[PDB]
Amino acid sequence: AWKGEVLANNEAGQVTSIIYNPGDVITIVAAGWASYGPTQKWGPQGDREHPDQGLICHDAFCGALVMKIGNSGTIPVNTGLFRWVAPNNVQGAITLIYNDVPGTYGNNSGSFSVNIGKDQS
């Protein structure tokens, strides 16, 4: 299992120690408060009122937690995943990333605390 923090201001995101292999069932729980710029902060689902101005993940709100598995496209995580299995041909290290527009992470603040484990299967 892996536990760590993902910084909102890190465009590169956080590479975890989890390698997702074919058939793996995983659980993720994410918590905390972060911002893509404003003084206010949002949880791991991000800001439901904010427009998509070129987010790294178009399937989640700005300020949401997302991930990549290997070099996959971004996949929404939000508050977490419950006994979840990845699509065909998706595999590799899990990287966690704050959802913002490339080049604009500099004014971000806060972080999410995240646990990831593999489940019985």
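Basically, rigid core = biggest C-alpha set you can superpose within 1.5 Å across the two forms. Just count from 1 along the sequence shown to find any residue number.
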Seminar exercise, completed: Core-aligned CA RMS in 9 other deposited structures of this protein: between 80 to 88 and 26 to 34 the higher one is 80 to 88
Exercise. Which is higher in the entry, the mean Cα B factor of 89 to 97 or that of 61 to 69?
Worked result: 89 to 97
Exercise. Mean C-alpha B-factor higher for 25 to 33, or for 80 to 88?
Worked result: 80 to 88
Exercise. Within this chain, which third does the Cα B-factor at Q40 fall in: lowest, middle or highest?
Worked result: middle
Problem set entry | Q120 by Cα B-factor - lowest, middle or highest third of the modelled chain | middle
